[PDB]
């Protein structure tokens, strides 16, 4: 039986638009926790990001929508789905439309800490590839997350 809510940390992110996931970009996200509240049809996300190279923390609340998708406002509007869940990981697929109207598809592999299971990593690369995102548009987030626990 699977518990999707709890501590989740980002290990890798893929993006169709490299401008959204570099240094200090809005989608270089260091996750800390995700809490799904099916009773109230909401999801709670807590994570760090860097602006000015300094860690900043965010706590967002998204709304459950049709088909296990969630909508959340962050650097524009986002529609994401937990595409895969194992006992050690989540893979999230997100579509962002930014303030300028530009659409970016992204994938993220999340885990319970820093020691990545290769089976989860292979499924992340396959979901990334299926979304049309090339291997070279994959960033290693564990290597870059020096934000507080």
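Numbering follows the first chain given and starts at 1.
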Avg C-alpha B-factor, entry values, 95-103 vs 48-56, higher side is 48-56
If you average the Cα B factors in the entry, which is higher, 115-123 or 65-73?
65-73
The largest CA temperature factor among 29, 110, 81, 43 is found at 43
If you rank the chain by CA B-factor, which third does residue 10 end up in: lowest, middle or highest?
lowest
Would the CA B-factor of residue 138 place it in the lowest, middle or highest third of its chain?
lowest
Chain-wide C-alpha B factor ranking for residue 128, given as lowest, middle or highest third:
middle
